[PDB]
Amino acid sequence: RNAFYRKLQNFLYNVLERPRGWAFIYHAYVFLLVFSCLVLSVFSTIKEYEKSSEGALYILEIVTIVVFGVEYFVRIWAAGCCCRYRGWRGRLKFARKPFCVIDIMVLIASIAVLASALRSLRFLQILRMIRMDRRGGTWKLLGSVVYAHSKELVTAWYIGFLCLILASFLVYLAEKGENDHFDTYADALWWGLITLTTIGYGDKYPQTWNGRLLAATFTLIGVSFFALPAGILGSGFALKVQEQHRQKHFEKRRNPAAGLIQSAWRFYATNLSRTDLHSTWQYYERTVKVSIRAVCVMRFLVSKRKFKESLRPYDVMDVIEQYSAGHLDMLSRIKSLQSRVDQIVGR
Amino acid sequence: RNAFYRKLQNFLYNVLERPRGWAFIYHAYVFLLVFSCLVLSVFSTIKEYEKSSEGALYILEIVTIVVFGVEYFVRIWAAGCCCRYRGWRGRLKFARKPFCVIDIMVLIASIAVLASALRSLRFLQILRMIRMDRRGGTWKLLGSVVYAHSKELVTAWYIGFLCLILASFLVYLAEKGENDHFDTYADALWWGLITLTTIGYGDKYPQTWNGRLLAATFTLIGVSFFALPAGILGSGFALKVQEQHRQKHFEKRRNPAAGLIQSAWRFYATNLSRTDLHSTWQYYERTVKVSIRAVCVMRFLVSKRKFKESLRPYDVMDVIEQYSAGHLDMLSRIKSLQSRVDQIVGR
Amino acid sequence: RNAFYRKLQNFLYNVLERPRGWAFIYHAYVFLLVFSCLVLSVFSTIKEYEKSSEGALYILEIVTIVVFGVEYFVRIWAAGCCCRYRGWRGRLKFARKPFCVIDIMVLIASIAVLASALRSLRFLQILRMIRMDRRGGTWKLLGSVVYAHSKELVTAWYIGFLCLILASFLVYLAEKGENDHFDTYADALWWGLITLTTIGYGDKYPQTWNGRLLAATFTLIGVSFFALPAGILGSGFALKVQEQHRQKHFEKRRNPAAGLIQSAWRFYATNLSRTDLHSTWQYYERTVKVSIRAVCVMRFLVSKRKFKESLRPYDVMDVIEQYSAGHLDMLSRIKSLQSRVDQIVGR
Amino acid sequence: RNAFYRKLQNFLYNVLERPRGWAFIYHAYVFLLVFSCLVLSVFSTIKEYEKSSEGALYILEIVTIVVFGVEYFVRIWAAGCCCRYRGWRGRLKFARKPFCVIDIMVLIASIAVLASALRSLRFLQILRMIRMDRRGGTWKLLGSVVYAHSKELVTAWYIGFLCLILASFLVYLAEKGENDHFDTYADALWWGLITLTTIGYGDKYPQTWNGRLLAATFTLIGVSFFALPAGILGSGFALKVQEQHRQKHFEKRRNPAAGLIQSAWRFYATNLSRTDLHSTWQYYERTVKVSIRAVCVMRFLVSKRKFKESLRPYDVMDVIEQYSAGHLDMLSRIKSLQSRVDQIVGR
Amino acid sequence: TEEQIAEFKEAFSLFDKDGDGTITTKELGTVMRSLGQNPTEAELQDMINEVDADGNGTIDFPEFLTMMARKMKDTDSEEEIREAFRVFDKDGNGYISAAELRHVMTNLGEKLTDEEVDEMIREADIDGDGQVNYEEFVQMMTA
Amino acid sequence: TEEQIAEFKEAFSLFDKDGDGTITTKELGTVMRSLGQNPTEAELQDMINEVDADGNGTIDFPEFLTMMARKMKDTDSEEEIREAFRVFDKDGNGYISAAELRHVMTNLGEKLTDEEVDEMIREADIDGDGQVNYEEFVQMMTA
Amino acid sequence: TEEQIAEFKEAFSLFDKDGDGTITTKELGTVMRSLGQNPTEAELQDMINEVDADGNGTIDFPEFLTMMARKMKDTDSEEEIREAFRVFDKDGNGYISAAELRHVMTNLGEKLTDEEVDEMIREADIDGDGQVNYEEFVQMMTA
Amino acid sequence: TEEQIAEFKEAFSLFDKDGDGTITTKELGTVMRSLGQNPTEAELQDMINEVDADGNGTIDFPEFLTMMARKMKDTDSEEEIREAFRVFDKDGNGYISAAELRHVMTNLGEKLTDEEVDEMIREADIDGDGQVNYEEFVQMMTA
């Protein structure tokens with residue numbers, strides 16, 4: 001039953017490694033588990049709830065370490081689906097990958113803790129919380145969107161910081177004397193940060209007419225400037241999603257891909273990797289060894305380069321390049337028609 | 001006056017069932033009624049206003065049950081506008097629809113209540129508050145937009161949660177001793193959630209120099225990260241409505257629809273459902289039984305599939321497909337012209 | 001000096017009535033003036049600042065009434081630029097316009113006040129505050145954008161209201177016993193509205209573990225749902241601005257307008273309004289009475305109809321319509337060319 | 001070793017003056033330096049931390065003045081990379097530029113301070129805070145985006161201000177009697193500004209039933225209206241950066257640029273600036289003086305005008321312009337083809 | 001019934017020309033030409049793709065029986081015809097005039113004769129007042 | 001008055017050629033050719049669509065009376081001509097030079113002779129300083 | 001090894017026709033024509049761009065030796081072929097049918113014969129069950 | 001100086017052919033044809049638009065005197081040439097190779113010979129290290 005063995009192995013690799021659809025369900029559950037433990041840990045910091053929270057946390061940590069260990073083992077087992085991660089050496093190389101190393105390290109640390117370590121318990125919780133990404137996908141996406149909007153974000157933060165400084169200084173001047181909230185400029189800066197960010201604790205607020213007038217004038221501006229970065233980033237995220245949708249609907253790379261696969265197989269067949277390769281040689285000789293190899297490698301090169309050129313179809317460039325080609329072809333067609341009709345008339 | 005009967009029936013079905021324009025007015029009024037009732041119930045939870053609020057609530061619930069009952073009766077009557085819902089069986093099938101069942105259930109429950117049930121009174125109020133959707137339209141729209149931006153929303157929430165955890169821990173370390181607000185890590189987490197969400201009750205806030213410094217550093221980041229999901233979803237909603245506007249303005253499928261209507265009527269005419277169908281048979285015999293039936297069904301199927309193909313004209317796909325067709329037509333035209341002029345030269 | 005008279009008259013009408021560029025400066029100043037008065041009124045409500053605020057407010061009221069009266073007089077004078085409003089009857093007809101009526105009645109009411117009425121004065125300031133729009137432009141823009149996003153806004157508000165109700169009820173259940181903040185369900189609803197809106201007064205907040213846990217779970221959802229409408233409307237406003245930019249860049253209607261003006265002048269010349277019209281009669285007699293009149297009026301009307309049909313070329317309508325026309329024209333060209341070459345072969 | 005001299009000079013000018021890539025790192029460090037100084041100054045306003053903060057601030061100011069002086073000197077030296085800013089005159093002309101003057105005067109003022117001036121110390125700190133813009137880039141970007149969305153921003157602020165006034169007045173009427181928070185209309189206005197901006201200090205909040213009811217009705221509207229400007233500006237920023245990405249990817253002006261450079265050199269060669277120029281004269285005499293000068297000048301001028309005309313390639317202007325050109329030249333193509341086929345038939 | 005099965009077999013045999021146990025593209029082409037309409041090779045390919053599911057290039061007898069055995073309701077074309085009528089519902093209220101129906105169908109696409117269109121209008125409208133309700137018409141036909 | 005009614009009846013009769021009580025497309029084309037402007041089939045289709053309202057394919061006498069009896073105070077063309085000018089208002093202030101008016105009048109669209117365009121400019125500008133205000137130019141006659 | 005170096009030198013010499021110490025565009029063209037395929041000047045310029053790196057216009061012997069010394073391991077095309085197979089992975093799970101492989105292989109671009117695509121499917125799919133794992137095939141060989 | 005005034009007067013006189021006091025389009029066309037470059041009507045119109053400001057259609061002597069007597073700094077072409085470089089500044093750092101300068105100069109638009117491109121490369125780059133600086137060249141050429 002090797003077929004069923006490999007089918008189940010590939011299915012397990014798919015569900016554990018990059019999941020597509022309902023596989024996420026499993027991951028969600030795992031997350032919940034970890035999350036639950038984290039919450040329990042918080043409840044154990046409170047003295048009143050220490051008993052029950054720790055009682056539940058012991059069981060939950062046993063359960064989560066069991067689950068993580070079995071997941072790690074079955075993941076290293078399912079790694080055989082990938083040809084690179086095959087056998088002793090392949091699976092050891094998989095385990096060498098840094099994130100699997102971190103996983104096993106956290107597992108062993110938790111097992112040792114269960115065999116003043118509560119601080120290490122929560123630290124392991126946050127580490128396995130960071131572990132859920134495994135790719136930096138969230139970090140990479142945030143970084144790309146921030147970099148694309150770096151100038152706008154910097155404008156927002158810079159002007160908001162200037163507004164905060166100015167408003168804090170002016171309200172401080174207004175309120176330094178007759179308001180114990182604004183005793184020093186540091187207190188005014190704290191108030192301005194808590195106000196323009198819209199947090200507004202209420203521990204400090206202007207109480208004079210000067211302070212309230214200046215705060216009213218500066219609030220309408222500062223709150224907007226401090227809320228700007230969130231709006232910029234959200235709109236950027238939405239626009240990026242829209243453009244990705246358009247591009248994925250405009251992949252239009254089937255022909256280059258098929259040509260690439262054809263030429264790659266041809267190059268392998270011409271290559272001496274296997275001594276049983278003779279059918280390709282018969283096919284090439286029927287259409288009339290090293291020269292055949294060279295021409296086939298050349299065809300593979302051109303197919304690869306065409307695939308690379310077509311590997312960047314974006315929403316707006318596609319139509320523009322298509323119309324450029326169309327209009328130059330139109331001009332060539334009209335000039336050719338003029339030449340041909342002139343030749344006809346010459347008769 | 002059966003014509004007026006059916007006209008009024010159709011109008012009532014339109015206004016009560018799926019509304020287009022001013023019909024919403026009626027629904028709005030109904031909503032207000034229910035909303036008013038809900039508000040009154042809240043006023044009845046307060047002991048001081050219990051007397052007057054309950055006095056008004058009795059009248060308002062009599063009114064709302066009368067209105068809902070008459071609306072239910074007239075809706076079941078007006079379902080005759082749909083041929084699927086005609087007669088005894090049609091009306092009964094209509095009433096079996098889950099939301100009509102919920103409507104009658106709420107009506108009966110409220111009537112029974114009127115003939116410690118105030119909690120059930122407000123529960124029926126919230127149930128009939130959910131009832132106003134009748135389609136899940138709001139839920140479906142929110143789910144679709146969330147799924148489209150699922151990765152960005154997850155990135156925002158994940159990074160914001162990491163920021164919350166880190167800021168809470170660091171401010172707790174800063175303030176554990178010199179501030180009774182941050183007695184335990186749970187208090188710090190509560191503070192961080194309340195400030196990064198920008199709620200800022202003020203029940204907890206840092207009061208030390210290092211605590212305030214760390215809170216200031218982490219606020220500019222956390223507030224933006226927690227406001228991100230709202231911006232992402234709002235921008236996604238706006239972009240979705242924009243693209244829907246463009247697509248509805250780019251329907252451009254009238255010809256396939258007309259072909260479908262023609263083919264459907266022709267196929268029915270060939271269909272043996274009625275023995276009075278001879279005009280189409282005469283037309284077919286002039287254009288020269290079972291073979292005609294089959295060819296008519298074939299025409300109807302091709303019309304159906306062409307309508308299916310042309311049933312997804314989007315803002316960007318249509319232009320690209322049209323230009324691909326134009327460019328291939330241009331190339332075929334030029335090659336055909338070259339062949340024809342070559343043939344002319346051959347003369 | 002009638003030329004300079006009418007030039008200054010037109011300039012004053014432009015600056016006072018619809019302004020384009022630096023004219024806004026003047027309006028801003030006027031706004032500032034009235035705004036200042038409003039602020040002064042707010043300062044006069046405070047008993048401590050009654051003396052100084054009233055002293056300044058008397059002068060400011062005199063100044064603003066002088067300015068508004070002279071502006072009204074010069075506006076009615078300069079309305080002669082619009083030939084609809086010329087002479088006794090024209091200026092009276094303009095003054096009959098409802099908004100000028102509002103202006104004059106505000107002027108008269110304030111003059112009478114200057115000749116317990118301070119509340120009436122504040123009502124006058126708010127009325128002349130509404131007066132600045134003069135068109136409903138802000139209201140019209142907001143209404144259009146809200147209507148375009150009515151479904152998304154309703155989804156946001158409906159789901160946010162459901163979340164508010166549920167969170168308030170659950171936190172009330174958590175906190176009813178051991179928190180005087182949540183004494184009744186009305187208090188819980190007030191708390192939920194204040195926190196989900198992110199206002200967070202701090203007058204009420206959960207203090208139990210159940211209440212804080214439930215509030216933490218529900219806040220990440222409710223704050224986003226209540227911030228959604230702002231994001232939706234802002235993104236809609238920005239997208240509308242971008243589309244308007246593109247469309248105004250896509251006017252491209254000079255030829256229909258020129259044809260319309262030509263036909264209008266032709267009709268007026270052939271129109272029997274004036275007996276001195278002979279140049280156009282000579283032109284039409286040389287190009288070979290009532291028939292020419294009718295045909296020229298028809299030319300004017302058809303030019304008007306073309307003016308209306310193409311009056312609104314949109315960002316995406318123009319390109320798609322032009323390409324559809326070009327493609328069908330190309331098909332006609334190729335079929336005609338094939339027919340012509342076939343005819344040539346037939347020779 | 002002049003080659004390495006000028007290479008290092010250009011590199012230093014690039015890193016200090018307009019930076020492209022990793023150069024920003026250096027600037028960031030400088031910013032941190034000044035920022036640190038600023039923070040230290042705040043810590044020196046507090047009496048408790050005055051000693052240590054001032055001790056560190058002395059060293060930090062020595063360091064920052066040293067760094068700014070050396071940076072100024074090396075920037076002025078590296079200005080020789082630009083031919084305009086070369087030699088004594090070019091160096092002085094650079095130093096005349098306003099921001100260089102600001103830098104030198106800040107350096108001198110700080111040196112004098114180091115040789116009740118702490119207020120001037122912090123003023124210099126904010127000035128050098130503003131300094132690293134050097135272009136108004138943030139201000140220019142904000143101004144452009146605000147102007148583009150000026151009407152929408154004004155609508156948002158105007159309707160939000162009307163909502164604030166109305167809500168404040170109504171809640172004041174509700175709460176004037178039995179809530180010391182709302183003693184005067186100014187207190188109500190302060191409460192409304194704090195609530196609608198979502199700051200929510202909690203120093204004032206309605207406590208009556210009608211006051212809370214009105215506040216609840218008006219908050220859902222006012223908070224959205226006051227959050228609108230942030231969303232509008234953020235979405236505008238995101239759309240602007242998206243279109244800038246598209247346009248920068250659609251530069252497509254190589255041919256006009258090359259023609260401009262070629263004709264510019266041609267004009268210079270024909271011009272009598274240098275008498276050693278004879279290769280261009282030989283080329284022009286072989287292709288058969290003052291007449292050649294004028295004709296080459298006109299070639300250069302037409303190249304400049306074509307460059308200017310093509311200097312505005314935009315995301316949508318290019319495609320529509322090229323399609324209009326294609327349509328008109330295809331009309332000419334078809335009419336010419338019709339004429340030619342008619343001529344062929346004539347034979 | 002057995003009689004209907006025999007009729008369908010006779011229809012298949014009439015479609016069959018060479019007698020290979022199936023229906024080929026050219027058989028459909030020639031029968032269509034006999035009807036009067038000149039077919040196209042791409043149109044025959046569309047024919048086969050619509051009917052043939054196994055992808056063998058021909059139409060067999062059981063596939064024909066299954067194809068024609070589906071009636072208006074079983075076709076599951078409800079949404080198709082509803083949206084087809086919606087596309088021409090300019091106002092969207094749910095009414096279409098008889099004159100517009102004629103001017104649409106009798107001049108474009110699969111054009112009909114006057115008799116067919118007036119019969120359609122009569123059948124769709126039970127009341128028979130010149131106003132057509134597309135939902136009512138399709139439901140009574142395809143539901 | 002009755003004199004104008006008789007004049008319009010004579011105009012209709014001159015429009016009529018065969019004398020069927022109405023004006024057909026061919027009659028309008030023939031009179032246009034007599035004037036000098038060669039008609040077009042699309043132009044005649046536009047003629048019929050513009051004039052007739054009941055959808056009969058011909059032009060009637062009462063229809064022509066209603067058409068020609070509407071003056072610029074009843075044409076509702078105030079905003080229309082305003083927008084027509086505004087498309088050519090490059091600055092948007094509301095002024096156009098006389099030379100530009102002559103160019104647009106005699107070069108683009110339905111060209112006229114110099115005298116007619118000079119008369120148009122003179123009538124548009126009461127002051128006659130070469131500056132035209134479209135407000136007045138559409139309000140003192142076209143309103 | 002020396003034997004393979006001599007073999008590649010003989011291959012170059014056969015490639016060389018005039019004997020200029022390099023391979024020119026026309027030599028590429030004639031060898032393609034001898035193979036049977038008709039080349040194009042555009043294809044020749046593509047070849048020159050692909051192989052030559054010094055921008056001289058021809059292909060020399062050391063470049064040929066180095067290029068043939070590189071196998072799949074020395075091309076870093078793992079992602080390239082991965083995405084190439086991904087484009088035709090309609091579901092994205094990682095499975096593609098053998099029939100579709102045969103259809104695409106022998107009817108698109110540089111088409112191959114049916115037997116060669118059967119060999120390709122056999123080699124790529126170790127189990128030979130008709131379901132080819134793209135990652136398996138692109139990792140066993142290309143990596 | 002009066003010598004240059006006389007030289008420009010002689011240049012204008014040679015420019016004029018019929019001798020109407022101005023330069024017509026046909027004179028420019030024929031002088032261009034004698035020069036070697038074939039003119040185009042669109043090119044003639046573009047040059048005329050470049051010259052005239054009063055809108056007459058000819059070229060008068062004072063305009064030729066005034067415009068030809070200005071130095072590179074009198075046209076504010078600095079930003080124009082800077083952008084011209086920028087378009088071909090692929091990296092944006094501010095450096096380009098001399099080989100690409102020769103390729104672009106003598107292969108695009110108004111091409112020149114090798115000697116002229118070498119001369120401009122030498123003049124633009126004082127150090128003569130091949131790495132030409134755009135800002136220096138434009139500054140000592142235009143500014």
Side-chain angles (χ1 to χ4, degrees), chain A residues 142-168 192-193 196-198 218-240, chain B residues 219-221 223-225 227-228 231 235, chain C residues 231 234-235 237-238 241-242, chain D residues 17-21 23-25 27-28 30-32 34-35 38 99 126-150 152-153 156-157 227-248:
Chain A
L142 179 79
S144 58
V145 172
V146 162
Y147 180 72
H149 303 67
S150 52
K151 165 155 45 54
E152 287 80 58
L153 283 176
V154 164
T155 286
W157 273 317
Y158 169 73
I159 292 169
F161 163 78
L162 287 184
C163 195
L164 185 148
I165 293 303
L166 184 59
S168 290
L193 177 87
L196 302 192
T197 41
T198 299
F218 271 100
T219 281
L220 265 275
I221 305 153
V223 300
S224 297
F225 276 132
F226 275 83
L228 249 184
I232 296 164
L233 281 177
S235 204
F237 277 124
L239 296 166
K240 177 161 191 172
Chain B
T219 282
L220 265 275
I221 306 155
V223 300
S224 297
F225 273 123
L228 249 185
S235 204
Chain C
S235 205
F237 276 124
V241 163
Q242 187 187 44
Chain D
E17 244 302 341
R18 60 284 199 275
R20 189 266 314 170
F24 279 123
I25 269 48
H27 276 85
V30 163
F31 163 76
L32 279 174
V34 52
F35 192 72
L38 167 52
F99 255 127
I126 171 166
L127 167 38
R128 56 210 214 182
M129 207 48 270
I130 299 178
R131 170 259 209 194
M132 304 76 42
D133 220 10
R134 286 183 58 100
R135 317 276 180 70
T138 57
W139 301 104
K140 287 174 179 198
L141 184 59
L142 179 76
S144 62
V145 173
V146 163
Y147 188 64
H149 306 76
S150 54
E152 282 75 17
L153 285 176
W157 274 317
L228 249 185
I232 296 163
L233 282 177
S235 204
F237 277 122
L239 298 165
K240 173 159 191 172
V241 58
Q242 195 194 31
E243 74 163 3
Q244 283 193 137
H245 202 219
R246 273 142 184 199
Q247 293 174 351
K248 84 96 177 197

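Values below: all heavy atoms of this structure, side chains included; hydrogens, waters and symmetry mates excluded. Chain naming here is simple, since letters A, B, ... match the order of the sequence lines and numbering starts at 1 in each.
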Please, which pairs that meet salt bridge (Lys or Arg N to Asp or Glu O under 4.0 Å) have at least one residue in residues 134-150 of chain D, sequence neighbours excluded?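 Qualifying pairs: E17(D)-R134(D), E17(D)-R135(D).
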N/O donor-acceptor pair under 3.5 Å between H245(D) side chain and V241(D) backbone: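 It does not hold such a pair.
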Shortest non-hydrogen contact between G236(A) and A238(D), atoms and distance: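 What the structure gives for the nearest pair is N-CB, 3.7 Å.
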Looking at every heavy atom in both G160(A) and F226(A), which two are closest together, and how far apart are they?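 Scanning both residues, the minimum pair turns out to be O-CE1, 3.1 Å.
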Residue pairs fulfilling side chain to side chain donor-acceptor pair (under 3.5 Å) with at least one residue in residues 227-240 of chain A, sequence neighbours excluded: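 Counting only pairs at least two positions apart or across chains, the side chain to side chain donor-acceptor pair (under 3.5 Å) contacts touching residues 227-240 of chain A are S144(A)-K240(A), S235(A)-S235(B), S235(A)-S235(D).
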Could you give all pairs that pass the side chain to side chain donor-acceptor pair (under 3.5 Å) test and reach residues 151-162 of chain A, with sequence neighbours left out?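 Every candidate side chain to side chain donor-acceptor pair (under 3.5 Å) pair involving residues 151-162 of chain A fails, so no pair, neighbours aside, qualifies.
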[X]: what forms a side-chain contact (heavy atoms from CB on, under 4.5 Å) with it, not counting sequence neighbours?
X       : answer
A28(D)  : none
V146(D) : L142(D), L153(D), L233(D)
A156(D) : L228(D), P229(D), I232(D)

Using the side chain to side chain contact (heavy atoms under 4.5 Å, CB included) rule, take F225(A) and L164(A) through it: C-alpha gap first, then chi angles, then the decisive distance, then the call. CA-CA 10 Å; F225(A) 276 132; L164(A) 185 148; over 6 Å; no
Tell me, please, which residues at least two apart from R246(D) pass salt bridge (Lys or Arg N to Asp or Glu O under 4.0 Å).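 For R246(D), no residue satisfies salt bridge (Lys or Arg N to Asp or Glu O under 4.0 Å) once neighbours in sequence are set aside.
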Step-by-step side chain to side chain contact (heavy atoms under 4.5 Å, CB included) determination, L220(B) to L193(A): CA-CA 9 Å; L220(B) 265 275; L193(A) 177 87; 3.5 Å; yes
Kindly compute the distance separating [atom1] ([X]) from [atom2] ([Y]), expressed to the nearest 0.5 Å.
X       : Y       : atom1 : atom2 : answer
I130(D) : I165(A) : CD1   : CD1   : 10.5 Å
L196(A) : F161(A) : CG    : CZ    : 12.0 Å
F237(D) : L141(D) : CZ    : CG    : 5.0 Å
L166(A) : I221(A) : CG    : CD1   : 9.0 Å
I126(D) : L38(D)  : CD1   : CG    : 8.5 Å
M129(D) : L127(D) : CE    : CG    : 10.5 Å

Taking ring pair (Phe, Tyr, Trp, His ring centres under 6.0 Å) as the definition, give me every residue that meets it alongside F99(D), ordered by chain and number, with sequence neighbours left out.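 With neighbours one apart ignored, the set is empty.
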Applying side-chain hydrogen bond (donor to acceptor under 3.5 Å, both in side chains), can you list everything that pairs with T219(B), at least two apart in sequence or on another chain?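 Scan of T219(B) (side-chain hydrogen bond (donor to acceptor under 3.5 Å, both in side chains), adjacent residues dropped) gives none.
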